[PDB]
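Novice: Okay, handing you the structure first.
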Amino acid sequence: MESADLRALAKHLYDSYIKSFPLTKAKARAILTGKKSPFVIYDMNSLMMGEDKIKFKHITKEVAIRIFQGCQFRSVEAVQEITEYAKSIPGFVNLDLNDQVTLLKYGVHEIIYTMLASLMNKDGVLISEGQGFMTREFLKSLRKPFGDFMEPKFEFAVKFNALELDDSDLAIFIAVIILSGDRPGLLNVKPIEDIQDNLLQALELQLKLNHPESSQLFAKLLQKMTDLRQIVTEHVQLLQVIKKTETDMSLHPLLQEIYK
Amino acid sequence: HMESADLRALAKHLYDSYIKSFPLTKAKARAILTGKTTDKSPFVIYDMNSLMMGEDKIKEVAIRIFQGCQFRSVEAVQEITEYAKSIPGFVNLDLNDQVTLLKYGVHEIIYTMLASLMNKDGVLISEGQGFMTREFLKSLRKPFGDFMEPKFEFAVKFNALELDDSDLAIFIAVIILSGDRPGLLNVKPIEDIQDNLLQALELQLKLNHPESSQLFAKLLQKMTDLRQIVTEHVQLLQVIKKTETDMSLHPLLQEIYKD
Ligand SMILES: O=C(O)c1ccc(-c2nn(C(=O)c3c(Cl)cccc3C(F)(F)F)c3cccc(Cl)c23)c(OCc2ccccc2)c1
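Keeping their order, the protein sequence lines are chains B and A. The first sequence maps to residues 234 to 268, 272 to 296, 303 to 502 in the authors' numbering. The second sequence maps to residues 233 to 290, 303 to 503 in the authors' numbering.
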């Protein structure tokens, strides 16, 4: 593609990314740096006040279970936001419908983890559209396997945030993830990889212009897709352990279906 | 950041060392595999009897073969270790980090280079004098049948990138100098080296495959496929250690797999 076309693709994706995701990384960074203070959850009692004063709809049973399930609720919300964003990626909706479903099915976890880093620092994570802040330490100290469920996310985020990407960078990176041609069961790989090459071209030029001093940032960001795949695999295995161990997890059958 | 002429110098250096360190190059392997040559033709092993005739021309069957791969993996580690010492800056790192970069890097490199010896139907063995079919491996008993097929599945996809040896010399280097390995003491000097290696690989791929659009990015995404195969392999080994009480690993391989 010609350079002026890549910038156009980058601008298109940035605009769409702003419309699809309410809490941007720029905004999140303002809140975390202390630059209306969020409600802070750092222990059990502040949690009990947090739901009462600000209605957390992911957390309206044991506390560590409540919190785990609340993360499920929000992940379901995020999936719909990512699905709307993907439709704005040039070429996506023209793909075979089964392939569109397949790309989203296997991609959303990688994107959720990526975008969750925009809401985290080394000390905690923004929640409920940025009105709250849950500390890392409180999450880490949740009992039995739930404590060891949240920390891998922080560990990735700390490393990922060291790249210092902004929203215009992330908009293209997110697009690149969705258009992965190696997803199982794809019917027509060719147009998927063709779009990804254009997106990779766009991301490469974006990083060079926006971070001229950051040598081989393109390569370094692509290496992070190894960290994502591995963390997604780990996550899936942790779920299986909870399903086979915890007698206290069942929800309403309808809710179980929603969270399948 | 480096100058273009400096990066070409680094690529030539690494290609030269790779030729010195690895006796069975991809160019040679493909000449043997593509045939048409009466002097380089391998003996083909596809079943029990030809395996038995193979020993003339070049315990239980699956163990013998598994032990054969263990032996060759040890040799490969020795070759990779020698190559790594030639990577500018590697020998100047903290010794513990040198050991750590090799601990986690050798397998990812072994599977990369094993692809050079593979096609969809089998793999070259014994310095290219032999060829073991995929199906014969897949038909070995117990957990051994399922041991090589993941590698074949990777190689088919990886070989579709059509890299040659001069490309692989830099890619192998980029893998070793990974700053995200667990337990590294000084990540920064490792990452500075990798930046120059990545710069070198980027320019090398552009010059050597000018029509192969975004080959650089596509090659880096393959480093994800490598990580998954190493995990899968290590889990299979653990199963055998708990099932075959009489079976033994090389000290070198034994230490590599500790964590
Ligand atoms: O605003 C957002 O975009 C967003 C994105 C991700 C998370 C989040 N997800 N998550 C997972 O376990 C997870 C992941 Cl990574 C990916 C896929 C599926 C899941 C899940 F298993 F939950 F189904 C977390 C684990 C630890 C910490 C967090 Cl913050 C998460 C999120 O939590 C909001 C929240 C947290 C606690 C209580 C109430 C709400 C918000």
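Backbone N, C-alpha and C define an ideal beta-carbon position, used for all residues, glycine too.
When the Cα atoms are used, what is the spatial distance from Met467/A to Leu368/A?
Specialist: The count along the second sequence starts at 1 and reaches residue 467/A at position 223. The count along the second sequence starts at 1 and reaches residue 368/A at position 124. Computed Cα separation, rounded: 23 Å.
Novice: Of all Cβ atoms in chain A, is any one closer than 9 Å to the Cβ of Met280/B?
Specialist: Here residue 280/B refers to the residue found at position 44 of the first sequence. Judged by the 9 Å Cβ criterion, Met280/B is not in contact with chain A.
Novice: Under the criterion of a Cβ to heavy atom distance below 8 Å, does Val367/B qualify as lining ligand 1?
Specialist: Mapped onto the first sequence, residue 367/B falls at position 125. Answer for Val367/B: yes, Cβ within range of ligand 1.
Novice: Can the beta-carbon of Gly366/A be found closer than 9 Å to that of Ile290/A?
Specialist: Here residue 366/A corresponds to residue number 122 of the second sequence, with the count starting at 1. Here residue 290/A corresponds to residue number 58 of the second sequence, with the count starting at 1. Taking 9 Å as the Cβ cut-off, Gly366/A and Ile290/A do not qualify as a contacting pair.
Novice: For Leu368/A, report the span of its alpha helix (DSSP H) as first-last.
Specialist: On the second sequence, residue 368/A is found 124 positions in, with the first residue counted as 1. No alpha helix (DSSP H) holds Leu368/A; the beta strand (DSSP E) holding it covers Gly366 to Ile369.
Novice: CB-CB under 6 Å to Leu283/B, same chain, minus the five flanking residues each way: which ones, in chain order?
Specialist: Counting from one through the first sequence, the residue named residue 283/B turns up at place 47. For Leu283/B, where only same-chain residues beyond five positions count, the Cβ hits under 6 Å are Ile277.
Novice: Nearer than 8 Å: is that true of the beta carbon of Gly312/B relative to any heavy atom of ligand 1?
Specialist: One-based indexing of the first sequence puts residue 312/B at position 70. Correct: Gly312/B has its Cβ closer than 8 Å to ligand 1.
Novice: Can you name the residues of chain B whose CB is closer than 9 Å to the CB of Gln482/A?
Specialist: Here residue 482/A corresponds to residue number 238 of the second sequence, with the count starting at 1. The premise fails here: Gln482/A is roughly 15 Å from chain B at the closest Cβ pair, so nothing lies under 9 Å.
Novice: Would you kindly work out how many angstroms separate the C-alpha atoms of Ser317/B and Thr269/A, rounded to a whole number?
Specialist: For the purposes of this step, residue 317/B is taken as residue 75 along the first sequence, with counting starting at 1. For the purposes of this step, residue 269/A is taken as residue 37 along the second sequence, with counting starting at 1. Those two C-alpha atoms are separated by around 59 Å.
Novice: In whole angstroms, give me the CA-to-CA distance for residue 505/A and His351/A.
Specialist: Here chain A comprises residues numbered 233 to 503, so residue 505/A is not present and cannot be evaluated.
Novice: What distance in whole Å lies between the Cβ atoms of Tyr327/B and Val474/B, which are believed to be in contact at a cut-off of 8 Å?
Specialist: By 1-based counting over the first sequence, the position of residue 474/B is 232. By 1-based counting over the first sequence, the position of residue 327/B is 85. The pair is not a contact, with the Cβ atoms about 19 Å apart (cut-off 8 Å).
Novice: Between the alpha carbons of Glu446/B and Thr344/A, how many angstroms are there, rounded?
Specialist: Along the first sequence, read from residue 1 onward, the residue named residue 446/B stands at position 204. Along the second sequence, read from residue 1 onward, the residue named residue 344/A stands at position 100. Distance between the alpha carbons of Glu446/B and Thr344/A: 31 Å.
Novice: Between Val431/A, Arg471/A and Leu405/A, which lies nearest to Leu459/A when the distance is taken from Cα to Cα?
Specialist: Here the question's residue 459/A lines up with position 215 in the second sequence. If we check each option's Cα against that of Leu459/A, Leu405/A comes out closest.
Novice: Return helix, strand or coil for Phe292/B, following the three-state DSSP convention.
Specialist: Here the question's residue 292/B lines up with position 56 in the first sequence. Residue state, collapsed to three classes: coil.
Novice: Consider the C-beta atom of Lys395/B and the heavy atoms of ligand 1; say whether any pair is separated by less than 8 Å.
Specialist: Numbered from 1 along the first sequence, position 153 holds the residue referred to as residue 395/B. Yes - ligand 1 has a heavy atom lying nearer than 8 Å to the Cβ of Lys395/B.
Novice: When DSSP labels each residue in this structure, what does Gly312/A get in the three-state scheme?
Specialist: Taking the first residue of the second sequence as 1, we reach residue 312/A at position 68. DSSP places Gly312/A in helix when its eight states are reduced to three.
Novice: Can you tell me whether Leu337/A sits near ligand 3, meaning its C-beta is under 8 Å from at least one heavy atom of the ligand?
Specialist: In the structure shown, ligand 3 is absent; the only ligands present are ligand 1.
Novice: Can at least three beta-carbon pairs, one atom from the stretch 476-487 of chain A and one from the stretch 385-396 of chain A, be found at a separation below 8 Å?
Specialist: Yes, they touch.
Novice: Note down, in chain order, all residues in the stretch 427-445 of chain B with a beta-carbon under 7 Å from any beta-carbon belonging to chain A.
Specialist: Hits within the stretch, in order: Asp439, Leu442 and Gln443.
Novice: Please list the terminal residues of the continuous beta strand (DSSP E) segment that includes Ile277/B.
Specialist: Within the first sequence, residue 277/B is the residue found at index 41, counting from 1. Segment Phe275 to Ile277, the beta strand (DSSP E) holding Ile277/B.
Novice: With a 10 Å radius around its C-beta and 16 neighbouring C-beta atoms as the bar for buried, classify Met285/B as buried or exposed.
Specialist: Here residue 285/B refers to the residue found at position 49 when the first sequence is read from its first residue. Exposed, because fewer than 16 other Cβ atoms sit within 10 Å of the Cβ of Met285/B.
Novice: Roughly how many whole angstroms lie between the Cα atoms of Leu361/B and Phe398/B?
Specialist: Numbered from 1 along the first sequence, position 119 holds the residue referred to as residue 361/B. Numbered from 1 along the first sequence, position 156 holds the residue referred to as residue 398/B. Distance between the alpha carbons of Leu361/B and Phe398/B is about 12 Å.
Novice: Would you say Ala359/B reaches chain A, if we count a Cβ-Cβ gap shorter than 9 Å as a contact?
Specialist: Mapped onto the first sequence, residue 359/B falls at position 117. Not closer than 9 Å to any Cβ of chain A, the Cβ of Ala359/B fails to qualify, so no.
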